[PDB]
Amino acid sequence: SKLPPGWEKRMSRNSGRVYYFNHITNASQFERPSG
Numbered sequence: 005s006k007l008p009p010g011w012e013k014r015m016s017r018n019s020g021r022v023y024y025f026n027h028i029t030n031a032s033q034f035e036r037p038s039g
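The opening position of the sequence shown corresponds to residue 5 in PDB author numbering, with each subsequent residue numbered one higher.
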């Protein structure tokens, strides 16, 4: 559950590859943004 604000984890359409999407910065990623 521990996660930074603004980010959100979702699942792809046909695939299930969790990723990091920021609704604020509108940026995307995959690796846990621990920085």
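All C-beta atoms, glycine included, are put in the ideal place defined by N, C-alpha and C.
Inset, instruction - Just grab the DSSP bridge partners of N18 for me. - result: Residue numbering aside, residue 18 sits at position 14 when the sequence shown is read from its first letter. DSSP output for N18 lists no bridge partner at all.
Legend entry - First and last residue of the uninterrupted beta strand (DSSP E) at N26: Counting from 1 along the sequence shown, the entry for residue 26 is found at position 22. First-last of the beta strand (DSSP E) with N26: 23-26.
Legend entry - Alpha-carbon to alpha-carbon, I28 and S5: On the sequence shown, residue 5 is found 1 positions in, with the first residue counted as 1. On the sequence shown, residue 28 is found 24 positions in, with the first residue counted as 1. Roughly 19 Å between the two C-alpha positions.
Legend entry - Whole-angstrom distance between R14 and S32, CA atom to CA atom: By 1-based counting over the sequence shown, the position of residue 32 is 28. By 1-based counting over the sequence shown, the position of residue 14 is 10. The straight-line gap from Cα to Cα measures roughly 11 Å.
Legend entry - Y23 versus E35 - alpha carbon distance: Your numbering for residue 23 matches position 19 in the sequence shown. Your numbering for residue 35 matches position 31 in the sequence shown. Between the alpha carbons of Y23 and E35 lies a gap of roughly 8 Å.
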